[PDB]
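Okay, so here's the structure we're looking at.
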Amino acid sequence: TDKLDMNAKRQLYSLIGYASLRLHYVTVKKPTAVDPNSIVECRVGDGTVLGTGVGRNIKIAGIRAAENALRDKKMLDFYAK
């Protein structure tokens, strides 16, 4: 079971994706034969991390990362100014 909201990125970007904020996904552990997990962070320009995701590929990881950013309401409150 690998349950996942395919709109998370789109939904997060729509709330807090100002151009001035430089919201970006960065792969911080790319998967390997020795370790298949992918870990991705959803970041703003000044480096602060909003969401971290993990799963079998980068795309699925980067989606959980937003899924997770969306669940943090103090963070959303702040970054929608």
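Identifiers in the structure tokens: chain A, B, ... in order shown; residue index from 1 per chain; ligand index from 1 in order shown.
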If you run DSSP on the backbone here, which positions in chain A get alpha helix (DSSP H)? Please write them as JSON, numbers by chain. {"A": [8, 9, 10, 11, 12, 13, 14, 15, 16, 58, 59, 60, 61, 62, 63, 64, 65, 66, 67, 68, 69, 70, 71, 73, 74, 75, 76, 77, 78, 79]}
Those same residues, written as a PDB file, in the first residue's frame with N, CA and C atoms?
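Below is the file that was written, result-v4.pdb:
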ATOM      1  N   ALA A   8      -0.916  17.070  -4.200  1.00  0.00           N
ATOM      2  CA  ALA A   8      -0.146  17.826  -3.135  1.00  0.00           C
ATOM      3  C   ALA A   8       0.818  18.955  -3.598  1.00  0.00           C
ATOM      4  N   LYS A   9       1.597  18.717  -4.629  1.00  0.00           N
ATOM      5  CA  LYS A   9       2.489  19.729  -5.021  1.00  0.00           C
ATOM      6  C   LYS A   9       1.747  20.967  -5.453  1.00  0.00           C
ATOM      7  N   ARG A  10       0.820  20.730  -6.352  1.00  0.00           N
ATOM      8  CA  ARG A  10       0.000  21.713  -6.981  1.00  0.00           C
ATOM      9  C   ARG A  10      -0.755  22.487  -5.860  1.00  0.00           C
ATOM     10  N   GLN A  11      -1.235  21.769  -4.871  1.00  0.00           N
ATOM     11  CA  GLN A  11      -2.024  22.344  -3.816  1.00  0.00           C
ATOM     12  C   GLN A  11      -1.060  23.232  -2.966  1.00  0.00           C
ATOM     13  N   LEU A  12       0.074  22.700  -2.509  1.00  0.00           N
ATOM     14  CA  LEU A  12       1.004  23.555  -1.784  1.00  0.00           C
ATOM     15  C   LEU A  12       1.443  24.830  -2.597  1.00  0.00           C
ATOM     16  N   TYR A  13       1.586  24.674  -3.889  1.00  0.00           N
ATOM     17  CA  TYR A  13       2.204  25.756  -4.639  1.00  0.00           C
ATOM     18  C   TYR A  13       1.204  26.817  -4.731  1.00  0.00           C
ATOM     19  N   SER A  14      -0.045  26.408  -4.936  1.00  0.00           N
ATOM     20  CA  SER A  14      -1.177  27.348  -5.013  1.00  0.00           C
ATOM     21  C   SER A  14      -1.349  28.207  -3.728  1.00  0.00           C
ATOM     22  N   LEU A  15      -0.897  27.724  -2.569  1.00  0.00           N
ATOM     23  CA  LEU A  15      -1.130  28.404  -1.271  1.00  0.00           C
ATOM     24  C   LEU A  15       0.101  29.339  -1.009  1.00  0.00           C
ATOM     25  N   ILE A  16       1.301  28.759  -1.146  1.00  0.00           N
ATOM     26  CA  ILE A  16       2.527  29.449  -0.804  1.00  0.00           C
ATOM     27  C   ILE A  16       3.588  29.491  -1.801  1.00  0.00           C
ATOM     28  N   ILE A  58      11.915   9.488  -6.808  1.00  0.00           N
ATOM     29  CA  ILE A  58      11.996  10.882  -6.492  1.00  0.00           C
ATOM     30  C   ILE A  58      10.637  11.531  -6.564  1.00  0.00           C
ATOM     31  N   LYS A  59       9.858  11.266  -7.608  1.00  0.00           N
ATOM     32  CA  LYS A  59       8.542  11.862  -7.778  1.00  0.00           C
ATOM     33  C   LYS A  59       7.663  11.531  -6.611  1.00  0.00           C
ATOM     34  N   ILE A  60       7.509  10.255  -6.294  1.00  0.00           N
ATOM     35  CA  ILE A  60       6.684   9.909  -5.150  1.00  0.00           C
ATOM     36  C   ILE A  60       7.210  10.599  -3.884  1.00  0.00           C
ATOM     37  N   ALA A  61       8.520  10.644  -3.670  1.00  0.00           N
ATOM     38  CA  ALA A  61       9.094  11.340  -2.529  1.00  0.00           C
ATOM     39  C   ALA A  61       8.755  12.799  -2.499  1.00  0.00           C
ATOM     40  N   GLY A  62       8.922  13.454  -3.622  1.00  0.00           N
ATOM     41  CA  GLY A  62       8.730  14.871  -3.626  1.00  0.00           C
ATOM     42  C   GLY A  62       7.242  15.202  -3.350  1.00  0.00           C
ATOM     43  N   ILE A  63       6.299  14.274  -3.717  1.00  0.00           N
ATOM     44  CA  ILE A  63       4.866  14.429  -3.457  1.00  0.00           C
ATOM     45  C   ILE A  63       4.506  14.276  -2.041  1.00  0.00           C
ATOM     46  N   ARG A  64       5.085  13.294  -1.360  1.00  0.00           N
ATOM     47  CA  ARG A  64       4.898  13.162   0.110  1.00  0.00           C
ATOM     48  C   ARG A  64       5.445  14.353   0.840  1.00  0.00           C
ATOM     49  N   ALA A  65       6.488  14.960   0.276  1.00  0.00           N
ATOM     50  CA  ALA A  65       7.113  16.053   0.981  1.00  0.00           C
ATOM     51  C   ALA A  65       6.111  17.220   1.054  1.00  0.00           C
ATOM     52  N   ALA A  66       5.213  17.352   0.083  1.00  0.00           N
ATOM     53  CA  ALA A  66       4.276  18.450   0.007  1.00  0.00           C
ATOM     54  C   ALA A  66       3.065  18.064   0.823  1.00  0.00           C
ATOM     55  N   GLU A  67       2.795  16.785   0.751  1.00  0.00           N
ATOM     56  CA  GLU A  67       1.717  16.154   1.485  1.00  0.00           C
ATOM     57  C   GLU A  67       1.949  16.495   2.944  1.00  0.00           C
ATOM     58  N   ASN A  68       3.230  16.473   3.331  1.00  0.00           N
ATOM     59  CA  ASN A  68       3.649  16.632   4.706  1.00  0.00           C
ATOM     60  C   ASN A  68       3.731  18.131   5.088  1.00  0.00           C
ATOM     61  N   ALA A  69       4.126  18.939   4.110  1.00  0.00           N
ATOM     62  CA  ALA A  69       4.172  20.383   4.260  1.00  0.00           C
ATOM     63  C   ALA A  69       2.714  20.879   4.463  1.00  0.00           C
ATOM     64  N   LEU A  70       1.802  20.419   3.616  1.00  0.00           N
ATOM     65  CA  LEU A  70       0.384  20.713   3.800  1.00  0.00           C
ATOM     66  C   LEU A  70      -0.194  20.361   5.183  1.00  0.00           C
ATOM     67  N   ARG A  71       0.318  19.343   5.841  1.00  0.00           N
ATOM     68  CA  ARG A  71      -0.223  18.995   7.138  1.00  0.00           C
ATOM     69  C   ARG A  71       0.264  19.962   8.259  1.00  0.00           C
ATOM     70  N   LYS A  73       0.166  23.231   9.626  1.00  0.00           N
ATOM     71  CA  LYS A  73      -0.624  24.461   9.483  1.00  0.00           C
ATOM     72  C   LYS A  73       0.048  25.750  10.022  1.00  0.00           C
ATOM     73  N   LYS A  74       0.825  25.684  11.109  1.00  0.00           N
ATOM     74  CA  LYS A  74       1.616  26.865  11.540  1.00  0.00           C
ATOM     75  C   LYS A  74       2.542  27.260  10.386  1.00  0.00           C
ATOM     76  N   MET A  75       3.251  26.304   9.799  1.00  0.00           N
ATOM     77  CA  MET A  75       4.115  26.664   8.657  1.00  0.00           C
ATOM     78  C   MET A  75       3.356  27.373   7.460  1.00  0.00           C
ATOM     79  N   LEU A  76       2.194  26.842   7.073  1.00  0.00           N
ATOM     80  CA  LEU A  76       1.393  27.412   6.019  1.00  0.00           C
ATOM     81  C   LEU A  76       0.900  28.739   6.385  1.00  0.00           C
ATOM     82  N   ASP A  77       0.501  28.921   7.640  1.00  0.00           N
ATOM     83  CA  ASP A  77       0.043  30.212   8.108  1.00  0.00           C
ATOM     84  C   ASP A  77       1.113  31.260   7.929  1.00  0.00           C
ATOM     85  N   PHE A  78       2.327  30.945   8.355  1.00  0.00           N
ATOM     86  CA  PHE A  78       3.470  31.833   8.215  1.00  0.00           C
ATOM     87  C   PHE A  78       3.851  32.166   6.777  1.00  0.00           C
ATOM     88  N   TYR A  79       4.139  31.157   5.982  1.00  0.00           N
ATOM     89  CA  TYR A  79       4.558  31.415   4.616  1.00  0.00           C
ATOM     90  C   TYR A  79       3.494  31.933   3.611  1.00  0.00           C
TER      91      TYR A  79
END
Quick one: residues within 12 Å of residue 30 (chain A), only C-alpha atoms, excluding same-chain residues fewer than 2 positions away - as an mmCIF file with N, CA and C atoms, in the first residue's frame?
data_model
loop_
_atom_site.group_PDB
_atom_site.id
_atom_site.type_symbol
_atom_site.label_atom_id
_atom_site.label_comp_id
_atom_site.auth_asym_id
_atom_site.auth_seq_id
_atom_site.Cartn_x
_atom_site.Cartn_y
_atom_site.Cartn_z
ATOM 1 N N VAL A 26 14.302 19.236 -3.583
ATOM 2 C CA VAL A 26 15.715 18.871 -3.859
ATOM 3 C C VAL A 26 15.959 17.523 -3.353
ATOM 4 N N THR A 27 16.566 16.724 -4.191
ATOM 5 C CA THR A 27 16.777 15.340 -3.816
ATOM 6 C C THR A 27 17.945 15.227 -2.889
ATOM 7 N N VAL A 28 17.734 14.800 -1.644
ATOM 8 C CA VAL A 28 18.873 14.785 -0.713
ATOM 9 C C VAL A 28 19.540 13.422 -0.450
ATOM 10 N N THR A 32 19.746 4.114 -4.719
ATOM 11 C CA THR A 32 20.869 3.288 -5.175
ATOM 12 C C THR A 32 20.485 1.820 -5.091
ATOM 13 N N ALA A 33 21.399 1.000 -5.608
ATOM 14 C CA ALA A 33 21.245 -0.466 -5.465
ATOM 15 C C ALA A 33 21.441 -0.850 -4.011
ATOM 16 N N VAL A 34 22.418 -0.219 -3.334
ATOM 17 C CA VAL A 34 22.626 -0.474 -1.880
ATOM 18 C C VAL A 34 21.468 0.096 -0.979
ATOM 19 N N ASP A 35 20.975 1.307 -1.291
ATOM 20 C CA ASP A 35 19.708 1.804 -0.706
ATOM 21 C C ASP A 35 18.581 2.377 -1.663
ATOM 22 N N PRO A 36 17.514 1.596 -1.930
ATOM 23 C CA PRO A 36 16.444 2.021 -2.882
ATOM 24 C C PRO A 36 15.601 3.295 -2.540
ATOM 25 N N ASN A 37 15.588 3.718 -1.252
ATOM 26 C CA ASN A 37 14.810 4.863 -0.784
ATOM 27 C C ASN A 37 15.267 6.115 -1.381
ATOM 28 N N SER A 38 14.291 6.962 -1.669
ATOM 29 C CA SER A 38 14.583 8.309 -2.132
ATOM 30 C C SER A 38 14.097 9.275 -1.050
ATOM 31 N N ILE A 39 14.926 10.217 -0.673
ATOM 32 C CA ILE A 39 14.452 11.210 0.241
ATOM 33 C C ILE A 39 14.543 12.538 -0.433
ATOM 34 N N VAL A 40 13.448 13.273 -0.394
ATOM 35 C CA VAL A 40 13.347 14.604 -1.019
ATOM 36 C C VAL A 40 12.861 15.646 -0.033
ATOM 37 N N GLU A 41 13.459 16.822 0.009
ATOM 38 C CA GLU A 41 12.907 17.953 0.813
ATOM 39 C C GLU A 41 12.219 19.024 -0.022
ATOM 40 N N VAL A 54 9.662 10.480 1.591
ATOM 41 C CA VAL A 54 10.485 9.298 1.343
ATOM 42 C C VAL A 54 9.658 8.287 0.605
ATOM 43 N N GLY A 55 10.193 7.739 -0.475
ATOM 44 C CA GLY A 55 9.532 6.583 -1.065
ATOM 45 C C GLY A 55 10.366 6.093 -2.185
ATOM 46 N N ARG A 56 9.848 5.130 -2.924
ATOM 47 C CA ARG A 56 10.641 4.398 -3.918
ATOM 48 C C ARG A 56 11.183 5.174 -5.074
ATOM 49 N N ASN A 57 10.595 6.277 -5.479
ATOM 50 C CA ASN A 57 11.266 7.132 -6.444
ATOM 51 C C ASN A 57 11.241 8.654 -6.036
ATOM 52 N N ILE A 58 11.915 9.488 -6.808
ATOM 53 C CA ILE A 58 11.996 10.882 -6.492
ATOM 54 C C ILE A 58 10.637 11.531 -6.564
ATOM 55 N N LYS A 59 9.858 11.266 -7.608
ATOM 56 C CA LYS A 59 8.542 11.862 -7.778
ATOM 57 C C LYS A 59 7.663 11.531 -6.611
ATOM 58 N N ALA A 61 8.520 10.644 -3.670
ATOM 59 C CA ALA A 61 9.094 11.340 -2.529
ATOM 60 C C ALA A 61 8.755 12.799 -2.499
ATOM 61 N N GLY A 62 8.922 13.454 -3.622
ATOM 62 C CA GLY A 62 8.730 14.871 -3.626
ATOM 63 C C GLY A 62 7.242 15.202 -3.350
#
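For chain A, the set of residues given strand (DSSP E or B) by DSSP on the backbone reads residues 24, 25, 26, 27, 28, 29, 38, 39, 40, 41, 42, 43, 49, 50, 51, 52, 53, 54 and 55 of chain A.
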